[PDB]
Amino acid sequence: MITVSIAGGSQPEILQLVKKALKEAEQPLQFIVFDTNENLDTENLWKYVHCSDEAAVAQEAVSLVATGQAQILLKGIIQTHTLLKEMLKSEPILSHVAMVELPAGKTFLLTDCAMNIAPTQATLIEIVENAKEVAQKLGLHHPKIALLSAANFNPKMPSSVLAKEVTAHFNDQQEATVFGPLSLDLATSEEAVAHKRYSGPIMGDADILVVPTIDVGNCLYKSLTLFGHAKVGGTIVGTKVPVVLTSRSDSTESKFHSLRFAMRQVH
């Protein structure tokens, strides 16, 4: 069974997500909610735990995960940084990982469209490691990780430099295939690979895409959603448990996919 700890989850929006999950659940699921506000549940859909202050909520919610009682931390109505702080206070480099599903069934992981703004050599290596973990935790043995760049390698292009550097680093592990600079088409389309007579480690069949900055990841993330009609779900990695960041403006169906994504990582 899977127990989800929700920080500040005694809100109708959360209640609605929980109610939905429990009914569409194909496996045992349980929610434990911490909140300063009064309980809104009567149908005993979750386990309510009142808290004195918000700081306590974050503390209590994170504790349930650190102690090994809950396997997923969900961010309800609470300041992202207050919960983020407590998270780290329990732990060094966190990164966001999203799961993308395109119409024809094409899928891939997209990493860091929220956390690290302008990843340096050292931070990008860690970002690759976290995504490497998430993949090799969903079954993908020896996953292909492409370092995205608009650069043929051009020293005047930061993403190109960063890519050639991160590539040299993982040229040992043998646990995964990490290569870049690689243009988007050359990492996701095998047709682009032939039409361009290209040959390399990754030929339009990457399992994970790593961006140079959040600007690139955010853009790609939104374009796949707006015009690509793709299903997406993401979680924050780096801690001993998958963390789902939810915003009021986010749809339930989106934060739902993230929830299932967090669930698949527990399996």
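Residues carry their position along the shown sequence, with the first being 1.
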Query raised in the report: What size is the break between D172 and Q173 in terms of deposited sequence residues left without coordinates: none, 1 to 3, 4 to 9, or 10 or more?
Result: none
**Report entry** Length class of the unmodelled deposited segment, which would lie between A151 and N152
**Finding:** 1 to 3
Requested in this report: Read off the CA B-factors in the entry, average them over 45-53 and over 217-225, and name the higher stretch.
Outcome: 45-53
Report task. Mind pulling up the entry and telling me whether 248-256 or 16-24 has the higher mean Cα temperature factor? Result -> 248-256
Requested in this report: For the C-alpha B-factor as written in the entry, point me to the maximum among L184, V161, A98, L88.
Outcome: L88
Query raised in the report: At the C-alpha atoms, which of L138, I145, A122, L74 reaches the highest B-factor in this entry?
Result: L138
Query raised in the report: Would the CA B-factor of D207 place it in the lowest, middle or highest third of its chain?
Result: lowest
Requested in this report: State the tercile, meaning the lowest, middle or highest third, of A7 with respect to the CA B-factors recorded for its chain.
Outcome: lowest
Report task. Give the position of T235 by CA B-factor within its chain, expressed as the lowest, middle or highest third. Result -> lowest
Query raised in the report: In terms of the chain's CA B-factor thirds, is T80 lowest, middle or highest?
Result: highest
**Report entry** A114, C-alpha B-factor rank within chain (lowest, middle or highest third)
**Finding:** middle
